[PDB]
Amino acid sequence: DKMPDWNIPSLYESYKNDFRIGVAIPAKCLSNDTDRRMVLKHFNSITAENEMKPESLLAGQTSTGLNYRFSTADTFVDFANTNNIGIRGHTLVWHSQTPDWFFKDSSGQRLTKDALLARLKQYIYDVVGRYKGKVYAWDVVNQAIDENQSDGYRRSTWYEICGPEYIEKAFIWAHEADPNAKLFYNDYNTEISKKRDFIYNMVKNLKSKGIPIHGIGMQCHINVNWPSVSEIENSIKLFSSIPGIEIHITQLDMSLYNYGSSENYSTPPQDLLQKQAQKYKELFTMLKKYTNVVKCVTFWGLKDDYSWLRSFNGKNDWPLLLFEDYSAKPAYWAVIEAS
């Protein structure tokens, strides 16, 4: 049965002078009394796990433009605002979780570059405009870099139609729609050096020519074995060298498995839970040295059975700070210790 402990130290309170501590949650958590109380106990930022992505906000199109469905997303923003916490908007532009009809006209034909850029402006103006003043940070563009490409750009439909200018224009238009939102470029695998370098140069070049980008989001979807905390620190050191860029750790989780491993556990091995705890302690000890630039650290889920990694890899995993029964893990105590 459920074993939440309402009296153990609050995560965000323990880091209140360092950075916000956030959590990604799906809509079901907003209507579950235990989930809601746990979110508000420990976190001073939330991200909608899926409900603010393009496929969630888009309802359809006609020959005059886009139709939207905002009711569920409104609940997330209202929940954050009424409870005096931040909400990170995730995410305006992404090759995933956007319907393919978004790249087509009302007769099924692929949009031209000019027509797609006009649609991008409409989408950003409508979505960012609706939530103007209420969303402190947006992931404006998610995962636009692919280090396997010689020029570093992911060959998504966005890129195939627009070339790389869709990225800078997304930031320009989001900043017009809400000039006080902090605008982030968000990505994973920042500890692959070639990818780090593409991300660094892209953001630095945008910034140096006056594009309104304010931050880099390091997703930090990691595991107990890789990458090292030192390599995460190397990413922070390089990205923080760009003037006017802050850093959010946006989607932190730590699988118990090596990547591509066929290990599959029914219950979490204690040795791996301890390795996880040690690494989370090391990670937060390092992040605390960089509070001049790291302003928010969000975990990609509330508790282990809610983790996207279970569906992603088709097996049980224990990547977060709370067990399935809401009780604290070794990792939780390690994060408190590091504070």
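Each residue number is its position in the shown sequence, starting from 1.
Item checked: Residue range whose averaged C-alpha B-factor is higher in the record, 82-90 or 264-272 -> Higher mean C-alpha B-factor in the PDB entry: 264-272.
Item checked: Between the two ranges 287-295 and 39-47, the one averaging a larger CA B factor in the entry -> Here the higher of the two C-alpha B-factor means belongs to 287-295.
Margin query: For the CA B factor values reported in this entry, which option in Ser240, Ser255, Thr250, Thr98 has the top one?
Written below: That would be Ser240, according to the entry.
Item checked: Member of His221, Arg196, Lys134, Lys104 with the greatest C-alpha B factor (per the PDB record) -> In this record, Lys104 carries the highest C-alpha B-factor of the candidates.
Next item on the list: Would you mind ranking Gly65 by its C-alpha B-factor against the rest of the chain and naming the third, lowest, middle or highest?
Entry: Highest third.
Check: With respect to C-alpha B-factor, does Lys182 fall in the lowest, middle or highest third of the chain as deposited?
Finding: According to the entry, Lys182 has a C-alpha B-factor in the chain's lowest third.
Next item on the list: Divide the modelled residues of the chain into thirds by Cα B-factor and specify which third, lowest, middle or highest, holds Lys28.
Entry: It belongs to the highest third of the chain when residues are ordered by C-alpha B-factor.
Note to self: When the deposited Cα B-factors of this chain's modelled residues are ordered and cut into thirds, is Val229 in the lowest, the middle or the highest one?
What the structure shows: Highest third, going by the recorded CA B-factors of the chain.
Notebook entry, point to check: Comparing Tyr259 with the other modelled residues of its chain, is its CA B-factor in the lowest, middle or highest third?
Noted result: Answer is highest: the recorded C-alpha B-factor places it there.
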